[PDB]
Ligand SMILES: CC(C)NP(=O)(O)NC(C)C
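Heads up, the chain below is alone and in the form deposited without the ligand; it's given as structure tokens.
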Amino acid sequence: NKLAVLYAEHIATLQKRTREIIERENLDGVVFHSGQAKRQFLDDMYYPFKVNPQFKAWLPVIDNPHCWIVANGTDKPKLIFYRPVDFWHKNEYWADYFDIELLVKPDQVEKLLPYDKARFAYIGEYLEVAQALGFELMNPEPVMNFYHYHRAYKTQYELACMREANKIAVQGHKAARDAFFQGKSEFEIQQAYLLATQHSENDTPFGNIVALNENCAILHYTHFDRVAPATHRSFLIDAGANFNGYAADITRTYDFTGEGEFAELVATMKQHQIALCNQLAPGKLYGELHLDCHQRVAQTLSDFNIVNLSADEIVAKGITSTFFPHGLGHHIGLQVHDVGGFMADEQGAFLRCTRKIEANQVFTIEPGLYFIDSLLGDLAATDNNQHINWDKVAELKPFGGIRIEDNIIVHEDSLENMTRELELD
């Protein structure tokens, strides 16, 4: 197993990071709580389990509640593994790096936790549970900030997991793309994606966005239309995948016919998107790229005669935000919108990323151009009304909008666009 070799280095890195912070904050150790199952109100049914990101940072156990990791960075990390033996229920490489204790029932954990928890930092969601167990330090900000800062630097093990994540997601994206050109409904396209990725809905790192025509302009679109539209014009799919707790996050936009103004508009955004990806470089502030994206959107708006102005004028008047209202992208890893994106240092001192770009960091680059009713209405109420080609806006509105998103690893002397290296056009 190639992962096993890399994982040995991963643990050693986390141990080193753990040593530094527990010594700095004068702690005996850190306790990571995987989480618990949430029960639905007045019911005996449960929400799907979502593991604490700080927990799965150590190991690929993301489907098991009531698990505990006790670490100080010097000794082997203690893993309290939940494993019920009741009759209604029911070894790998990472197992050898932990001292594993089996937990048969949730409230039996206290006998397995350290006796004096005065200087053990509880890292988890369930503060009432932590207090009941005797923990007093819960998610200490210096500790959270330290881990979150270094989470931006992915180990070789993590990079491998994120590559496999894209690989699965790209398979889904190609299958979804094929379903679109066959005239399938949003629901059917989603089924094709889930089938190709072999993912259940709750396996996807975020709710898939599967939008046809006007629905493409809906930034937080979640629904899946069961009925295919009479006419197929555009398709926007924002979807990813999971591998070992690590996420992919990819968006592609398609014109149905492959020709016409919207088809050219998509391709223009593509060339801009690729150009923005290749601007990723160590020592460079991510905010610089976001600014350049606005320039490129303004040029696009100008070239396609959507706004009757030059690119620089569109930027100065603040018109671009009407068509591109969100951030250029974000760090990605264990979390889709990964932590540490705003941090200037370990202490912890719209756009989701402003942090200086360094090697071993992973980003998304997702420029967008949309025709959104409420935003266009606001623009029409300003003095910029005169500058807008409203006829052109009316022409492109039925196509909804455009977003193109890749996941890129930044290396010291090169860039690794995982998504496009997997040949997803």
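Note that residue numbering begins at 1 and tracks the sequence as displayed.
Gap size, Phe350 back to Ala349 (deposited sequence, no coordinates): The entry has a gap there, with 4 to 9 residues left out between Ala349 and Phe350.
Quick check on the record: how many residues from the deposited sequence are absent from the model between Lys90 and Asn91 (none, 1 to 3, 4 to 9, 10 or more)? Unmodelled stretch: 4 to 9 residues.
Would you determine, from the values in the PDB entry, which of 80 to 88 and 114 to 122 has the greater average C-alpha temperature factor? Higher mean C-alpha B-factor in the PDB entry: 80 to 88.
Quick check: 376 to 384 versus 61 to 69, which has the larger average CA B-factor in the record? Higher mean C-alpha B-factor in the PDB entry: 376 to 384.
Candidate set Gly260, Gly172, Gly207, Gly329 [ranked by C-alpha B-factor, highest]: Within the set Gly260, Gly172, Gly207, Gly329, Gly260 shows the top C-alpha B-factor.
Based on the PDB record, which member of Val104, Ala165, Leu236, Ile274 exhibits the highest Cα temperature factor? By C-alpha B-factor in the record, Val104 ranks first.
Of the three thirds of its chain by CA temperature factor, lowest, middle or highest, which one includes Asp338? Answer is lowest: the recorded C-alpha B-factor places it there.
Quick check for you: using the entry's CA B-factors within this chain, is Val362 in the lowest, middle or highest third? For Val362, the deposited C-alpha B-factor lands in the lowest third.
Which third of the chain does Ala8 land in by C-alpha B-factor: lowest, middle or highest? Middle third.
Lowest, middle or highest third of the chain for the C-alpha temperature factor of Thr222? Tercile = highest for this residue's CA B-factor.
Third of the chain, ranked by Cα B-factor, where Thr18 sits: Within its chain, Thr18 is a middle-third residue by C-alpha B-factor, going by the deposited values.
Here the subject shifts to the form deposited with the ligand bound, a form of this protein not shown in this document.
Contact check in the deposited bound form: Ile209, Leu219 and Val336 versus the ligand, with a cutoff of 4.5 Å between any heavy atoms. Do all three pass? So, yes: the whole triplet contacts the ligand.
Closest heavy atom of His199 to the ligand in the deposited bound form, within 4.5 Å or not? Output for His199 is no: heavy atoms all beyond 4.5 Å of the ligand.
Find out whether any non-hydrogen atom of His10 is located within 4.5 angstroms of the ligand in the deposited bound form, and reply yes or no. No.
Verify the contact flag for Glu158: yes if a non-hydrogen atom of it lies within 4.5 Å of a non-hydrogen atom of the ligand in the deposited bound form, no if not. No, no contact at 4.5 Å.
Evaluate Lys78 for contact with the ligand in the deposited bound form, applying a 4.5 angstroms cut-off between non-hydrogen atoms, and reply yes or no. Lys78 lies outside the contact set for the ligand.
By the heavy atom within 4.5 Å rule, which residue out of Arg163, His294, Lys317, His326 makes contact with the ligand in the deposited bound form? When the ligand is considered in the deposited bound form, the option within 4.5 Å is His326.
Quick one: of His330, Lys174, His148, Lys167, which gets a non-hydrogen atom within 4.5 angstroms of the ligand in the deposited bound form? If I apply the 4.5 Å criterion carefully, the residue I get is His330.
Mind telling me which stretch in 117 to 125, 340 to 348, 201 to 209, 150 to 158 gets its heavy atoms within 4.5 Å of the ligand in the deposited bound form? Result for this chain: 201 to 209.
Relative to the ligand in the deposited bound form, which residues of 356 to 379 have a heavy atom no more than 4.5 Å away? Just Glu366.
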